[PDB]
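# A look at the structure
For reference, the chains in residue letters:
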Amino acid sequence: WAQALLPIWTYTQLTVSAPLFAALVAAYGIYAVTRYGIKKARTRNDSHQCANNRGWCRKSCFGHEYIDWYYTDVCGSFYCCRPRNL
């Protein structure tokens, strides 16, 4: 891969671009792509990553994830959501 041409259900969830997004929708399926937290260049929300690799600081985890910590308190207010499929 070199560049995470698949930065979500197998890693965490990253914002990249349309070329990357399309590659994932084309290979996997749009639903999982926009499910776990990929982004077609925009970032999900004000939410930002923690450890910039382990999990993403979010306000609440969806029905396919779990709150991870260590970082939830370094972020302070946000919940380091790390999807369970990952």
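Its PDB record attributes the structure to solution NMR.

As annotated in the PDB entry, the protein chain is Cg-BigDef5 from Crassostrea gigas.

### As for the side chain of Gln49
Summarising the element assignment, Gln49 is placed in strand β1 (residues 48-50). Within the local environment of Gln49, its side chain forms a polar contact with the backbone nitrogen of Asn53, the two atoms lying 3.2 Å apart. Apart from the residues lying within four places of it in its own chain, the contact partners of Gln49 are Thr12, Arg54, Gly55, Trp56 and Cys57.

### With respect to the pairing of strand β4 (residues 79-83)
Pairing analysis gives 3 bridges linking strand β2 (residues 55-58) to β4, with the strands arranged antiparallel. What sits directly across from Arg58, in β4, is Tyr79.

Quick notes on the rules
Residues numbered from 1 in each chain as written, not as in the entry; some residues may be left out. Heavy atoms only, no water. Residues with missing side-chain atoms left out of burial classes, pairs and counts. Helix = DSSP H or I, 4+ residues; strand = E, 2+ residues; numbered from the N terminus. Polar contact = N/O pair within 3.5 Å; in protein donor to acceptor, adjacent residues only side chain to side chain. Contact = heavy atoms within 4.5 Å. Pairing = 2+ DSSP bridges.

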